[PDB]
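Report on the structure
What follows is each chain in one-letter form.
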Amino acid sequence: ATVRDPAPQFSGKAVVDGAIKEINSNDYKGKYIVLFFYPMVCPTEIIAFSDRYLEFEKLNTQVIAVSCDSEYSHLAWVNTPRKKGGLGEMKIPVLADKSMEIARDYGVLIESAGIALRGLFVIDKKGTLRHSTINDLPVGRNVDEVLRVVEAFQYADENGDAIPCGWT
Amino acid sequence: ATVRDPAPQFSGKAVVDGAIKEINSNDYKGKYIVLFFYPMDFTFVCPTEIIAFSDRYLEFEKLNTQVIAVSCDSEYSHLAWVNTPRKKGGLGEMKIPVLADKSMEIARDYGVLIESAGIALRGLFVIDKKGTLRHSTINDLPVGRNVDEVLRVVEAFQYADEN
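Residues numbered from 1 in each chain as written, not as in the entry; some residues may be left out. Chains lettered and ligands numbered in written order. Heavy atoms only, no water.

Structure determination for the deposited model, as stated in its record, used X-ray crystallography, and the stated resolution is 2.7900 Å.

**Section: the side chain of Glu45 of chain A**
All names here are of chain A. Tracing the backbone through its elements, the reader meets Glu45 in helix α1 (residues 44-51). Of note is the side chain of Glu45, whose polar atom sits 3.0 Å from the side chain of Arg118. Sequence-distant contacts of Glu45, that is, excluding residues within four places in its chain, are made with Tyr38, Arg118, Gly140 and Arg141. (Helix = DSSP H or I, 4+ residues; strand = E, 2+ residues; numbered from the N terminus. Polar contact = N/O pair within 3.5 Å; in protein donor to acceptor, adjacent residues only side chain to side chain. Contact = heavy atoms within 4.5 Å.)

**Side note on the layout of surface pockets**
Approximately 600 Å³ is the volume found for the largest pocket. Among the residues forming the lining of the largest pocket, the class breakdown is 21 nonpolar, six polar and six charged. Empty space within the second largest pocket amounts to approximately 490 Å³. Considering the residues around the second largest pocket, the lining is formed by 26 residues, among which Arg148, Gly166 and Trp167 of chain A together with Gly144 and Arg145 of chain B are closest to the centre. For the lining of the second largest pocket, the secondary-structure elements that each account for two or more residues are α5 (143-158) of chain A together with α1 (48-55) of chain B. The greatest single-element share of the lining of the second largest pocket, amounting to four residues, is contributed by α1 of chain B. (1 Å grid on protein atoms, 1.4 Å probe; cavity = no way out; pocket = protein on both sides within 12 Å on 5 of 7 lines; lining within 4 Å. Points joined across faces, edges and corners; volume = space filled by probe spheres on them. Nonpolar A, V, L, I, M, F, W, Y, C, P; charged D, E, K, R; others polar.)

**Considering the environment of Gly127 of chain A**
Along the chain, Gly127 of chain A falls in the loop between β8 (118-123) and β9 (129-135). Under the relative-accessibility criterion, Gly127 of chain A is labelled partly exposed at 28%. (Buried < 20%, exposed > 50% of the residue type's maximum accessible area, 1.4 Å probe, protein only.)

**Considering the packing of aromatic side chains**
Residues and elements named next belong to chain A. Taken as a whole and judged by the stated rule, the model has 15 aromatic pairs over all chains. An angle of 55 degrees between the planes, with centres 5.6 Å apart, marks the rings of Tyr38 and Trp77 as tilted. Across the pair, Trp77 and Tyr38 agree in class, each one buried. Clustering of aromatic rings is evident, with ring pairs tying together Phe10, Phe37, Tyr106 and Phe121. (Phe/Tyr/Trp six-rings, centres within 6.5 Å; stacked < 30°, edge-to-face > 60°.)

Okay, structure coming up:
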């Protein structure tokens, strides 16, 4: 499964607004989705997205972090001050994937180490894969770049799937 | 084939320094490799992307990395492409090699071939000094790639490889 393919549907229990909720990808139809995997290291990446969450909302997109761990420990993580390495008050959902079935479905699972690569995926309003960044574990991701990709794909979908030669 | 894997071998005839030369992936060991695919046959493709990469080549060379473009056509067409002024639609002087991929075996080897459009997705791949895959950006055709981001990724990987 790769780009221009209908993106693999995902569901499960996440921590949202400090609470555990069953969420499904089909719940986010009509909005873009940035699905990104945090391999269970520095939490500042996921925290960064959480801080820029409003900018993502301007573009009608939903960021969802995904990690190879339980919803209860994810709650434990949110119920920890950032000063101790925990997540503190999160503004984007943190989805549990102890089974790692989502990581496999997205091909960022290392079927030898039992860990996920830093995968990031942009899904459009019709539920199709538009972008896939995948990094080896040591290198983090950049929010400004993700926002750039999202706004570009949006302008494309609006202006007939074609971007002017030299955009902003 | 995914990240942390020894990268798929690529070889072929490229346009290097305004001339057709045989290049191999094994030729670039000891250096990073940015392998990126520029779809020509995309009816709305813009050369400003690959031109950009051509311009920032010095910045890539400071970091001991070799950017190689790969495009869906022969070394003769790539030469013809280089030998066409930009104000006439061509590439003009390119500062990175343009590798030929008419058979799209290189595109298939990297999993970027759209086996219906006969075109490759805008795939970008960072390869380390022992030749294993460290990064892969893949975009849908309408969205181009950013040189600054690539530079960030490469130097980040280098600092990691040292520390």
